[PDB]
Amino acid sequence: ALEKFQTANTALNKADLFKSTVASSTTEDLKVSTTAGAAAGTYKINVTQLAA
Amino acid sequence: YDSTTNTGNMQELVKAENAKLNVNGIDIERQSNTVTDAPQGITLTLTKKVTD
Amino acid sequence: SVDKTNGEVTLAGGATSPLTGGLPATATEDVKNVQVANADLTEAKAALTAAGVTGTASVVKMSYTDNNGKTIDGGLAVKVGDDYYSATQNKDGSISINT
Amino acid sequence: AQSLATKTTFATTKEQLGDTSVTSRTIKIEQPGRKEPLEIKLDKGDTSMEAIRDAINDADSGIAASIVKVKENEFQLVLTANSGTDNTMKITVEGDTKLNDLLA
């Protein structure tokens with residue numbers, strides 16, 4: 001039981017949690033994701049070529 | 001084969017090129033179809049040319 | 001007039017006169033013993049001499065820099081040539097080499 | 001939401017964006033909807049873009065900062081607003097004149 005409690009609490013202790021965030025694209029062609037510390041707001045992108 | 005001179009008895013089918021894009025008027029170049037710094041924390045998966 | 005040779009206090013130069021006010025605002029704190037300047041570094045000098053090192057103490061506050069140029073400061077150290085002995089200053093301003 | 005990015009670009013966290021001589025630089029902020037200007041005081045290890053970002057974000061003052069990678073081995077700095085013209089900002093560095101030039 002103690003090991004289970006340690007698991008849960010250890011997971012919770014990280015501060016990244018308090019910087020959580022979620023993001024969405026205006027177009028399907030591009031997929032997006034976020035990690036800790038991602039700045040909230042809105043952005044605009046241009047595409048000129050895909051890598052080869 | 002020789003990249004510098006493109007010589008050799010081999011044959012180039014698909015040239016090598018880098019991903020090229022722009023963000024809010026900020027020109028950017030990356031070496032693959034995944035980026036993790038523009039902005040920091042945000043991540044993109046690119047498969048097409050789209051504007052704005 | 002303070003005779004530090006044995007701590008004996010006499011009238012200032014023998015001037016036979018009480019002063020009008022006399023005591024400055026810079027003297028308004030009491031004392032029971034003669035004093036020695038913290039800058040005299042008597043403690044550090046004695047400690048280094050007892051260690052057998054020419055500790056005519058000169059003190060500086062240390063700063064450290066990495067390849068970043070990022071800088072962070074330490075405390076006071078005795079600049080014995082380039083052999084910096086770690087040192088500390090007490091609440092009274094006296095200096096003592098860390099031991 | 002308004003945001004601003006620097007015109008110049010740099011490479012490393014080691015970049016001494018400020019004047020090493022100045023003891024502790026101060027950054028002042030103002031907004032039409034802001035109550036009082038914000039101040040940021042620093043040690044002599046806050047010359048970096050990363051230091052600026054950490055200060056701004058950890059201040060928890062509603063204004064955030066973020067770094068962008070221009071190219072390989074090149075960076076830029078970006079600011080955050082909270083939407084609405086009320087949050088429009090004015091910025092002034094009361095310390096290093098170099099940072100004054102960079103950010104004014």
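In what order do C:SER17, D:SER83, C:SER96 fall by count of nearby beta-carbon atoms within 10 Å, going from fewest to most?
Result, fewest neighbours first: C:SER17, D:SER83, C:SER96.
Treating only the Cβ atoms of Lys and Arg (+1) and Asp and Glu (-1) as charged, compute the dipole magnitude of chain A about its Cα centre; round to the nearest 20 debye. Kindly include the intermediate steps, with their values, before the conclusion.
Working: 5 positive and 4 negative charges, 27 e Å.
Roughly 120 debye, rounded to the nearest 20.
For D:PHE75, A:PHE5, what ranking results if the residue with the fewest other Cβ atoms within 10 Å of its Cβ goes first?
Lowest to highest Cβ neighbour count: A:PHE5, D:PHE75.
For the protein assembly as shown, what does the alpha-carbon gyration tensor say about shape, rounded, prolate or oblate, given a ≥ b ≥ c as the root eigenvalues, a/c under 1.5 as rounded, and a/b over b/c as prolate?
Prolate, since a/c reaches 1.5 and a/b exceeds b/c.
Test of the criteria: in region D:66-104, which trypsin sites (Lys or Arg not before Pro) are in a DSSP loop and have at most 16 other Cβ atoms within 10 angstrom of their Cβ?
D:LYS71
For C:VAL9, C:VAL78, B:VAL35, C:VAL53, what's the fewest-to-most ordering of other Cβ within 10 Å of each Cβ?
Going from least to most buried by this count: C:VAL9, C:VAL53, B:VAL35, C:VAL78.
Pairing the Cα long axis of helix A:2-12 with the longest principal axis of chain A, what angle in degrees results, from 0 to 90 and rounded to the nearest 10?
Once rounded, the angle reads 30 degrees.
Angle, helix D:49-58 long axis vs. longest principal axis of chain D, Cα atoms, 0 to 90°, nearest 10?
It is inclined by approximately 30 degrees.
Quickly estimate the mean residue ellipticity at 222 nm for the protein assembly as shown, helices only: each DSSP H run with n ≥ 4 gives -39500 (n - 2.57), and the total goes over all residues, rounded to 500.
Helix-only estimate at 222 nm: -3500 deg cm²/dmol.
Which whole-number percent gives the relative contact order of region D:7-104, counting Cα pairs below 8 Å spaced six or more residues apart?
35
Looking at D:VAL22, C:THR42, D:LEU38, which one has the Cα that reaches farthest to the positive end of the dipole of the protein assembly as shown (charges on Cβ: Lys, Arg +1; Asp, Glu -1)?
Result: D:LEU38, furthest along the dipole toward the positive end.
Charges only on Cβ, +1 for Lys and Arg, -1 for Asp and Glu: so what's the dipole of region C:3-99 about the Cα centre, in debye to the nearest 20? Spell out each step's value before the answer.
Numbers: 7 positive and 11 negative charges, 19 e Å.
Result for region C:3-99 is approximately 100 debye, rounded to the nearest 20.
Hey, what did region B:1-51 get for relative contact order, percent, Cα under 8 Å, at least 6 apart?
Averaging sequence separation for qualifying contacts and normalising by length gives 19 percent for region B:1-51.
Quick note: the coordinates plus some simple rules give every number you see, no bench work behind them. FYI the Cβ positions are ideal-geometry reconstructions off the backbone, even for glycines, and counts take in every protein chain you see.
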